[PDB]
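As a starting point, one isolated chain is supplied in structure tokens, in the form deposited in one PDB entry.
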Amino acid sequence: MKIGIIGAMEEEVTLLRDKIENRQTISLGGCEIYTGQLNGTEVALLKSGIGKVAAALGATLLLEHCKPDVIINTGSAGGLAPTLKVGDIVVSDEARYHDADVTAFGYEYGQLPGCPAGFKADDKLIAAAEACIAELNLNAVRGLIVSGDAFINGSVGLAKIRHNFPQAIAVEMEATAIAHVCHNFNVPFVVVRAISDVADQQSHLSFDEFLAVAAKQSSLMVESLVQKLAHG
């Protein structure tokens, strides 16, 4: 099997990239795809860049080109659920755009025409992720992750997300775009990210200071997840 992995920033893909053996690099459409094996498992790691379009472009390339069996979106996120603290894990059971609005025509807030109002992550991928979380003794929350093309740091931006998606556990900028692409190609996906901040008026400083920590936690989780999917 081939496992696809997508991270947005250098920090979020560098540790995994350093571990890929029989590594080959593909530079294309402004993205980088690293192919090879992670602890014996065939993977394809994509550094997509930040934002929905960058992520959609990279996911599309990855699916069309390398044709992985499942997609795992790694990286950092702004924590919204009460029990989350920096470094904690968020596992998507679903992804929705918090900034899409075509309600003028009767679509659900966050829903784009031609798409489900939310994209569901794969149950097996979620089960495997949670088994790893238990085995590594990590604090994690499973639930709705919302994406938009904006960095959230309190004020109006956070307020609007709370209103439309009070049950969202985390917010970031690529997951739902990746889920949307996977949905169109019928590819299972799961988002496994780590908290770099709590999306408030202090998230800039928190993100700056804890991104490396969040990237590491999510990377270790992905490493464990890949191994679990490949060997049980």
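In case it trips you up, residue 1 is the first one in the sequence shown, and so on. Here the rigid core means the biggest group of C-alpha atoms that line up within 1.5 Å when the two forms are laid on top of each other.
- The PDB entry reports B-factors from which the mean C-alpha value can be compared for 72 to 80 and 134 to 142; the larger average falls on 134 to 142.
- Two stretches are in play, 146 to 154 and 81 to 89, and the higher mean C-alpha B-factor belongs to 81 to 89.
- Highest CA B-factor among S196, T60, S27, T176, as stated in the entry: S27.
- Taking only the listed residues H204, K52, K47, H180, the entry reports the highest CA temperature factor at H204.
- Split the chain's modelled residues into thirds by C-alpha temperature factor. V43 is in the middle one.
- When the CA B factors of the chain's modelled residues are split into thirds, the value for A230 lands in the highest one.
- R96: CA B factor in the lowest third of modelled residues in this chain (values from the PDB entry).
- In this PDB entry, the Cα temperature factor of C66 sits in the top third of its chain's modelled residues, the highest group.
- Sort the modelled residues of the chain by CA B factor and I161 lands in the middle third.
One more form of this protein, deposited in another entry, exists but is not displayed; see below.
- In the core-superposed comparison between the shown form and the other one, the C-alpha atom of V226 has shifted by less than 2 angstroms.
- With the core held fixed, the Cα of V190 is displaced between the shown form and the other one by less than 2 Å.
- Relative to the superposed core, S206 undergoes a Cα shift of 2 Å or more between the shown form and the other one.
- Relative to the displayed conformation, the Cα-Cα distance from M9 to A128 shrinks by 3 Å or more in the other entry.
- In the other entry, the CA atoms of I89 and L205 draw together by 3 angstroms or more relative to this form.
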